[PDB]
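**Q** Got a structure for you, questions after.
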Amino acid sequence: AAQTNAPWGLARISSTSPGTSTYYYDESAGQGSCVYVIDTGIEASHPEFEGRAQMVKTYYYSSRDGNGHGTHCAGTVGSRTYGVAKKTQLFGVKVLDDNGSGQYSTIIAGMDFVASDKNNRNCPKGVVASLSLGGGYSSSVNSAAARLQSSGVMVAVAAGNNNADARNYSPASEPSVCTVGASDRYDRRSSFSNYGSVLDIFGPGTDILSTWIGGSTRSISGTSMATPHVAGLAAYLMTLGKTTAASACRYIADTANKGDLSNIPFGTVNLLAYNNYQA
């Protein structure tokens with residue numbers, strides 16, 4: 001399948017070269033998979049989600065996304081126009097308030113929620129969780145991410161936006177999950193992207209168009225935007241049967257575009273997520 005005039009990041013993930021604008025992908029499109037977006041919520045009524053999104057948990061007075069960040073990330077996972085895996089099921093877990101903040105204890109509870117809640121959902125092709133959040137190093141936060149991964153969920157986490165080594169941030173620094181840095185449309189490391197040996201992969205993160213609250217759209221930047229490209233890619237590849245939740249990060253690294261990014265510090269992987277789809 002071909003989506004013309006796609007957002008640059010979608011085109012990038014199906015291309016061996018920057019500078020194109022059509023996204024190519026297998027029509028299975030993540031059908032039968034599920035992606036949890038652990039964030040500020042999801043505006044599930046947005047026409048872009050086509051009834052495939054729903055809120056399953058909140059720790060606050062509402063499950064609605066009063067911020068936009070979670071809706072934007074969910075759109076990159078699975079919206080019809082802005083999403084990688086256009087037929088996946090999206091489940092929102094609101095661990096962040098409408099200012100985008102959340103206590104680590106709430107975030108940990110949300111991860112353990114997903115590890116159990118997947119047993120209440122129909123996801124025959126597998127389960128992914130996208131975590132566009134983080135703060136300073138915490139062994140408890142890393143352990144919660146490790147448990148979620150161990151339970152059979154492909155965990156993708158943002159590297160962070162500090163232009164610093166991600167070893168000092170959580171859950172970015174947890175070895176067993178997939179830690180995602182950000183790149184721009186010219187294949188440069190995004191100016192804010194964290195780096196370091198703990199990164200597994202880069203995805204598009206600068207000037208990413210996606211859904212927003214109020215039934216709208218906007219372009220924003222962050223490792224928060226790169227993470228859902230990788231989460232959606234995992235769901236898509238799991239639906240194709242090419243990999244599993246336990247092996248998808250490694251498979252994405254195996255099949256990535258290699259050596260094509262600029263300003264990658266010595267010791268950080270030079271790997272850009274790629275779907276290897278042959279139309």
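We label chains A, B, ... in the order they appear in the structure tokens, count residues from 1 in each chain, and number ligands from 1 in the order shown.
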Give the helix (DSSP H, G or I) residues of range 135-271 of chain A, as assigned by DSSP on the backbone, as a ChimeraX atom specification.

**A** /A:139-150,166-168,223-239,248-254

**Q** Skipping near chain neighbours, those fewer than 5 positions away, what residues fall within 7 Å of range 202-215 of chain A using only C-alpha atoms, listed as a list in words?

**A** residues 7, 9, 43, 46, 68, 71, 72, 75, 76, 82, 180, 181, 182, 183, 184, 190, 220, 221, 222, 223, 225, 226, 227, 229, 230, 271, 272 and 273 of chain A

**Q** Could you save those same residues with N, CA and C atoms as a PDB file, in the first residue's frame?

**A**
ATOM      1  N   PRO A   7       3.260  12.302   6.129  1.00  0.00           N
ATOM      2  CA  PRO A   7       4.236  13.013   6.964  1.00  0.00           C
ATOM      3  C   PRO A   7       5.621  12.438   6.716  1.00  0.00           C
ATOM      4  N   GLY A   9       8.074  11.542   8.457  1.00  0.00           N
ATOM      5  CA  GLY A   9       8.560  10.437   9.270  1.00  0.00           C
ATOM      6  C   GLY A   9       8.019   9.093   8.823  1.00  0.00           C
ATOM      7  N   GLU A  43      -7.573  11.354  22.840  1.00  0.00           N
ATOM      8  CA  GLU A  43      -8.894  11.810  22.410  1.00  0.00           C
ATOM      9  C   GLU A  43      -9.433  10.782  21.428  1.00  0.00           C
ATOM     10  N   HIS A  46     -11.436  11.394  18.088  1.00  0.00           N
ATOM     11  CA  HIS A  46     -10.861  12.027  16.910  1.00  0.00           C
ATOM     12  C   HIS A  46     -11.151  11.168  15.683  1.00  0.00           C
ATOM     13  N   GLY A  68      -2.897  17.055  24.925  1.00  0.00           N
ATOM     14  CA  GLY A  68      -2.620  16.867  23.510  1.00  0.00           C
ATOM     15  C   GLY A  68      -1.473  15.911  23.253  1.00  0.00           C
ATOM     16  N   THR A  71      -2.477  12.256  22.703  1.00  0.00           N
ATOM     17  CA  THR A  71      -3.203  12.143  21.444  1.00  0.00           C
ATOM     18  C   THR A  71      -2.256  12.202  20.257  1.00  0.00           C
ATOM     19  N   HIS A  72      -1.241  13.065  20.333  1.00  0.00           N
ATOM     20  CA  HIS A  72      -0.260  13.176  19.259  1.00  0.00           C
ATOM     21  C   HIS A  72       0.539  11.881  19.116  1.00  0.00           C
ATOM     22  N   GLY A  75      -1.554   9.164  17.674  1.00  0.00           N
ATOM     23  CA  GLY A  75      -1.743   9.363  16.245  1.00  0.00           C
ATOM     24  C   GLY A  75      -0.577   8.848  15.421  1.00  0.00           C
ATOM     25  N   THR A  76       0.644   9.004  15.936  1.00  0.00           N
ATOM     26  CA  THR A  76       1.811   8.484  15.231  1.00  0.00           C
ATOM     27  C   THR A  76       1.852   6.960  15.266  1.00  0.00           C
ATOM     28  N   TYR A  82      -1.754   9.772  10.079  1.00  0.00           N
ATOM     29  CA  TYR A  82      -0.476  10.094  10.703  1.00  0.00           C
ATOM     30  C   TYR A  82       0.215   8.892  11.327  1.00  0.00           C
ATOM     31  N   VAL A 180      14.573   4.865  22.412  1.00  0.00           N
ATOM     32  CA  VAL A 180      14.421   5.476  21.092  1.00  0.00           C
ATOM     33  C   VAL A 180      14.924   6.919  21.113  1.00  0.00           C
ATOM     34  N   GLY A 181      15.955   7.199  20.292  1.00  0.00           N
ATOM     35  CA  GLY A 181      16.388   8.559  20.026  1.00  0.00           C
ATOM     36  C   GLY A 181      15.651   9.180  18.835  1.00  0.00           C
ATOM     37  N   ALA A 182      15.882  10.478  18.611  1.00  0.00           N
ATOM     38  CA  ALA A 182      15.157  11.221  17.584  1.00  0.00           C
ATOM     39  C   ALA A 182      16.083  11.725  16.485  1.00  0.00           C
ATOM     40  N   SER A 183      15.582  11.691  15.243  1.00  0.00           N
ATOM     41  CA  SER A 183      16.253  12.262  14.078  1.00  0.00           C
ATOM     42  C   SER A 183      15.332  13.238  13.345  1.00  0.00           C
ATOM     43  N   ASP A 184      15.926  14.013  12.431  1.00  0.00           N
ATOM     44  CA  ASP A 184      15.196  14.992  11.631  1.00  0.00           C
ATOM     45  C   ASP A 184      15.132  14.572  10.160  1.00  0.00           C
ATOM     46  N   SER A 190      18.438  14.692  16.115  1.00  0.00           N
ATOM     47  CA  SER A 190      17.695  15.873  16.545  1.00  0.00           C
ATOM     48  C   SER A 190      18.497  16.623  17.597  1.00  0.00           C
ATOM     49  N   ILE A 220       4.904  18.811  16.196  1.00  0.00           N
ATOM     50  CA  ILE A 220       5.763  19.044  17.357  1.00  0.00           C
ATOM     51  C   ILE A 220       6.981  18.129  17.272  1.00  0.00           C
ATOM     52  N   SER A 221       7.932  18.351  18.185  1.00  0.00           N
ATOM     53  CA  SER A 221       9.226  17.676  18.159  1.00  0.00           C
ATOM     54  C   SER A 221       9.555  17.072  19.515  1.00  0.00           C
ATOM     55  N   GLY A 222      10.260  15.952  19.489  1.00  0.00           N
ATOM     56  CA  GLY A 222      10.744  15.338  20.708  1.00  0.00           C
ATOM     57  C   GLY A 222      11.073  13.880  20.501  1.00  0.00           C
ATOM     58  N   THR A 223      11.828  13.327  21.455  1.00  0.00           N
ATOM     59  CA  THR A 223      11.932  11.871  21.491  1.00  0.00           C
ATOM     60  C   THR A 223      10.585  11.235  21.798  1.00  0.00           C
ATOM     61  N   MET A 225       8.047  11.880  20.082  1.00  0.00           N
ATOM     62  CA  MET A 225       7.490  11.657  18.753  1.00  0.00           C
ATOM     63  C   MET A 225       8.177  10.499  18.042  1.00  0.00           C
ATOM     64  N   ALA A 226       9.458  10.273  18.335  1.00  0.00           N
ATOM     65  CA  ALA A 226      10.189   9.160  17.731  1.00  0.00           C
ATOM     66  C   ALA A 226       9.714   7.819  18.284  1.00  0.00           C
ATOM     67  N   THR A 227       9.477   7.762  19.597  1.00  0.00           N
ATOM     68  CA  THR A 227       9.053   6.537  20.277  1.00  0.00           C
ATOM     69  C   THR A 227       7.840   5.877  19.633  1.00  0.00           C
ATOM     70  N   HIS A 229       6.770   6.069  16.581  1.00  0.00           N
ATOM     71  CA  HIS A 229       7.126   5.488  15.287  1.00  0.00           C
ATOM     72  C   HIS A 229       7.636   4.066  15.478  1.00  0.00           C
ATOM     73  N   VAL A 230       8.500   3.866  16.478  1.00  0.00           N
ATOM     74  CA  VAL A 230       9.058   2.547  16.766  1.00  0.00           C
ATOM     75  C   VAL A 230       7.993   1.607  17.329  1.00  0.00           C
ATOM     76  N   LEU A 271      21.532   3.814  13.810  1.00  0.00           N
ATOM     77  CA  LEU A 271      20.505   2.912  13.307  1.00  0.00           C
ATOM     78  C   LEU A 271      19.192   3.676  13.261  1.00  0.00           C
ATOM     79  N   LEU A 272      18.526   3.647  12.105  1.00  0.00           N
ATOM     80  CA  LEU A 272      17.278   4.365  11.880  1.00  0.00           C
ATOM     81  C   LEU A 272      16.196   3.359  11.514  1.00  0.00           C
ATOM     82  N   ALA A 273      15.087   3.401  12.250  1.00  0.00           N
ATOM     83  CA  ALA A 273      14.016   2.421  12.090  1.00  0.00           C
ATOM     84  C   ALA A 273      13.533   2.372  10.647  1.00  0.00           C
TER      85      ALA A 273
END

**Q** Work out how far apart CA of residue 256 in chain A and CA of residue 275 in chain A are and give it in Å to one decimal.

**A**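 Pair CA of residue 256 in chain A / CA of residue 275 in chain A returns 7.8 Å.
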
**Q** Pick the closest to residue 197 in chain A from A:269, A:131, A:244, A:174: which is it, counting only C-alpha atoms?

**A**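 For residue 197 in chain A, the nearest of the candidates is A:269.
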
**Q** For residue 276 in chain A, which residue among A:255, A:170, A:262, A:5 is the nearest when counting only C-alpha atoms?

**A** A:255

**Q** Which of these residues is nearest to residue 125 in chain A, using only C-alpha atoms: A:155, A:201, A:240, A:1?

**A**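 Of all the options, A:240 lies closest to residue 125 in chain A.
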
**Q** Under the rule that only C-alpha atoms are counted, which of A:84, A:157, A:164, A:199 is the nearest residue to residue 8 in chain A?

**A**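 Ranked by minimum distance to residue 8 in chain A, first place goes to A:84.
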
**Q** A:246, A:11, A:2, A:95: which is nearest residue 42 in chain A, counting only C-alpha atoms?

**A**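 Selected residue with least distance to residue 42 in chain A: A:95.
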
**Q** Residues within 7 Å of residue 100 in chain A, please, as a count of residues only. Count only C-alpha atoms; anything in the same chain fewer than 3 positions from it doesn't count.

**A** 4

**Q** What is the CA of residue 32 in chain A-CA of residue 243 in chain A distance in Å, reported with one decimal?

**A**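 According to the coordinates, CA of residue 32 in chain A and CA of residue 243 in chain A are separated by 14.2 Å.
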
**Q** Between A:35, A:109, A:153, A:158, which one has atoms that come closest to residue 87 in chain A, using only C-alpha atoms?

**A**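 Among the listed residues, A:35 lies closest to residue 87 in chain A.
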
**Q** Hey, what's within 6 Å of residue 192 in chain A if we count only C-alpha atoms and toss same-chain stuff fewer than 5 positions away? As a ChimeraX atom specification, please?

**A** /A:161-163
